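What follows is a set of notes on a single structure, which appears directly below.
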Ligand SMILES: Cc1cc2nc3c(=O)[nH]c(=O)nc-3n(C[C@H](O)[C@H](O)[C@H](O)COP(=O)(O)OP(=O)(O)OC[C@H]3O[C@@H](n4cnc5c(N)ncnc54)[C@H](O)[C@@H]3O)c2cc1C
Ligand SMILES: Cc1cc2nc3c(=O)[nH]c(=O)nc-3n(C[C@H](O)[C@H](O)[C@H](O)COP(=O)(O)OP(=O)(O)OC[C@H]3O[C@@H](n4cnc5c(N)ncnc54)[C@H](O)[C@@H]3O)c2cc1C
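Chains as they are written, first to last, in the entry's author numbering: chain D, 1 to 379; chain A, 199 to 396.
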């Protein structure tokens, strides 16, 4: 779009930072040992990356949405898993707190995760309920002084590392999408148990498991906002989260393209250099124009959020198009690298694997199309 | 006599009859009928036959008879399965189901929740990631009922469920369902089991 001069500065910061602290030596050790170095997380919160869009009014940083996408992009370019550790407190953890949470709840819960002392998991998906989150089966019962819950959540990012977790349970089983409340549960409590860490294809460095709840009692003082609003709470958090996912889509894209034209300048075949064969140079072009076209898609969505108009469609388009053409790009970059791009030492293969979930999680591309078409045809 | 039996692996019943054949004979399956009344001590007319053996008029000659106790049995080969999930709480629950499986003559299976908890090994797991089973009976004991499990036993000839919460999906394919804690329901099932004679 047009970047406000402070946001250009922030771009400079996140660039030099992500480039300097995420070295090849480290990231390889992260893939081998699926553990991100706590020292780096602390280092990030110390300069505020854990608090980008939360304002100074609550002890945040006072940036705009465009600053969250900028840091998301410039980080994700260099490493995917870093982005995962970045979006959680900015969007997925700090979201529902920011909407339906009293000042006390925010005092005891949000400032820890902005400063990197506590970790919060956003836990919504169940084995029976994926795209159809409305068909949940986790229950929440009112006992007066506390709530009693019994259910099971799959695919919960960061959960074994998290101290508290926002869990969506069904209170009024008849009302369905209208009868879901949101609660904050301390994971160290009773009944709470974790499943195995799931062996995923990429984005290795952040654990992801099940949250199992067996007659876990939760106090009333830890409920999100009004009762049965929770679903709209989770949706309206999911919109900015989807902006996040498109942001990392656009990030890893820029990276894999940069490796693309770099390798294509340096490698020579048949006497010419790679980049002087018309097929390649055109291919580079194609990837570049799409990437830009859609960078513009997503920048625009975030700017809308910053000027307060509803961005629910625009973000959905951004996530959809961004993630899909990200995958196309990542693959083509493998193909330019040729054989060498299939060995793990060449960064392009780690990207190619990372960017694959991008079209599934945070709402699939299908859910995106359902939202978008459903938004355009109502008359 | 109208003789009926199952053929084609049990998919086509047929009433085969012998019109030009006297006598009419038929091997009959064990368990289909039931016992008659015992000790009216009506009568008897014990009749004699000859037993007139020959000088090698029986070429089959027996060296040894063996009675084995077959304890190894694969979850894929079994005819009766007692499967247990996270509704056991403790790893020791399988003893109960082991008691159940023994009166029937089959093995114990597991769901992923227990394997990833450490209560069993992956050889036992059933579902899309596990292994598919088509027993003659399946016991769905304390399993939520994710499709990740229901996928690998949908064609069990009859599925019996034992769960605490009635809002468990498993009751969608349960041929017979019982709501409760299995640690109480399971032993009572074995009680009435032997009480009729297996
Ligand atoms: C698992 C595996 C097993 C292998 N086994 C064998 C084996 O048994 N024997 C063997 O000999 N090799 C083997 N190879 C190597 C493989 O055959 C070669 O890599 C392949 O022939 C292409 O060579 P390259 O990867 O170096 O391509 P490069 O030429 O180094 O890469 C050039 C890239 O640009 C493109 N390009 C190349 N030339 C042109 C041009 N003139 N105009 C336009 N675009 C162009 C290509 O599509 C490619 O993407 C194996 C590779 C792998 C990954
Ligand atoms: C990639 C992947 C692959 C998977 N593959 C499989 C697979 O092949 N097979 C599989 O089974 N799962 C698989 N799963 C996991 C599956 O989705 C469920 O997590 C699993 O089925 C949960 O265990 P459970 O079925 O025993 O139900 P759980 O929810 O773990 O069991 C709780 C149920 O037992 C009841 N209960 C609790 N206590 C008692 C009691 N004392 N008496 C009676 N009932 C009680 C509860 O009310 C509830 O109904 C997979 C998951 C992933 C991510």
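Every residue gets a Cβ at the ideal spot worked out from N, C-alpha and C, and that includes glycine.
Contacts of residue i in chain A (Cβ-Cβ under 9 Å)
i: residue 127 of chain D; result: 342, 344, 345 and 346
i: residue 12 of chain D; result: Chain A residues near residue 12 of chain D: none, gap ~45 Å exceeds 9 Å.
Where residue i meets chain A, residues with beta-carbon distance less than 8 Å
i: residue 437 of chain D; result: Absent from the model: residue 437 of chain D. The displayed extent of chain D is 1 to 379, so no value can be given.
i: residue 273 of chain D; result: Simply none; closest approach about 47 Å.
i: residue 152 of chain D; result: 342
Proximity of residue i and residue j at Cβ, strictly below 9 Å
i: residue 357 of chain A; j: residue 372 of chain A; result: yes
i: residue 346 of chain D; j: residue 259 of chain D; result: yes
i: residue 309 of chain A; j: residue 331 of chain A; result: no
i: residue 167 of chain D; j: residue 235 of chain D; result: no
i: residue 86 of chain D; j: residue 241 of chain D; result: no
i: residue 307 of chain A; j: residue 279 of chain A; result: yes
i: residue 70 of chain D; j: residue 150 of chain D; result: no
i: residue 170 of chain D; j: residue 138 of chain D; result: yes
i: residue 128 of chain D; j: residue 205 of chain A; result: no
i: residue 133 of chain D; j: residue 231 of chain D; result: yes
i: residue 65 of chain D; j: residue 56 of chain D; result: no
i: residue 36 of chain D; j: residue 206 of chain D; result: yes
i: residue 164 of chain D; j: residue 120 of chain D; result: yes
i: residue 312 of chain A; j: residue 286 of chain A; result: yes
i: residue 233 of chain D; j: residue 182 of chain D; result: yes
i: residue 73 of chain D; j: residue 254 of chain D; result: yes
i: residue 384 of chain A; j: residue 355 of chain A; result: no
i: residue 192 of chain D; j: residue 222 of chain D; result: no
i: residue 301 of chain D; j: residue 246 of chain D; result: yes
i: residue 10 of chain D; j: residue 63 of chain D; result: yes
Closer than 8 Å: residue i CB and nearest ligand 1 heavy atom
i: residue 273 of chain D; result: no
i: residue 337 of chain A; result: no
i: residue 380 of chain D; result: Because residue 380 of chain D is not part of the residues shown, which for chain D are 1 to 379, the question remains open.
i: residue 260 of chain D; result: no
i: residue 337 of chain D; result: yes
i: residue 342 of chain D; result: yes
i: residue 386 of chain D; result: Within the shown structure, residues of chain D are numbered from 1 to 379, placing residue 386 of chain D beyond reach of any answer.
i: residue 369 of chain A; result: no
i: residue 320 of chain D; result: no
i: residue 75 of chain D; result: no
i: residue 122 of chain D; result: no
i: residue 277 of chain D; result: yes
Distance cut-off 8 Å: residue i Cβ against heavy atoms of ligand 2
i: residue 326 of chain A; result: yes
i: residue 136 of chain D; result: no
i: residue 127 of chain D; result: yes
i: residue 360 of chain A; result: yes
i: residue 434 of chain A; result: Because chain A here runs from 199 to 396, residue 434 of chain A falls outside it and cannot be looked at.
i: residue 322 of chain A; result: no
i: residue 155 of chain D; result: yes
i: residue 254 of chain D; result: no
i: residue 211 of chain D; result: no
i: residue 346 of chain A; result: yes
i: residue 418 of chain D; result: Chain D is shown from 1 up to 379; residue 418 of chain D falls before or after that span and cannot be answered.
i: residue 350 of chain A; result: yes
i: residue 387 of chain A; result: no
i: residue 152 of chain D; result: yes
i: residue 286 of chain A; result: yes
i: residue 343 of chain A; result: yes
i: residue 162 of chain D; result: no
Neighbouring residues, chain D, relative to residue i (Cβ below 7 Å)
i: residue 314 of chain A; result: 195 and 196
Expected contact under 8 Å - CB spacing of residue i and residue j to nearest Å
i: residue 297 of chain D; j: residue 317 of chain D; result: 6 Å
i: residue 160 of chain D; j: residue 194 of chain D; result: 5 Å
i: residue 333 of chain D; j: residue 348 of chain D; result: 5 Å
i: residue 100 of chain D; j: residue 243 of chain D; result: That belief does not hold up - the Cβ atoms of residue 100 of chain D and residue 243 of chain D are roughly 19 Å apart, past 8 Å.
i: residue 22 of chain D; j: residue 84 of chain D; result: Not confirmed; about 13 Å, so no contact.
i: residue 391 of chain A; j: residue 340 of chain A; result: Residue 391 of chain A to residue 340 of chain A, Cβ: 20 Å. No contact.
i: residue 377 of chain A; j: residue 362 of chain A; result: 7 Å
i: residue 276 of chain A; j: residue 333 of chain A; result: 6 Å
i: residue 360 of chain A; j: residue 337 of chain A; result: 7 Å
i: residue 114 of chain D; j: residue 89 of chain D; result: 6 Å
Residues that residue i contacts on chain D, provided the C-beta gap is smaller than 9 Å
i: residue 367 of chain A; result: 128 and 137
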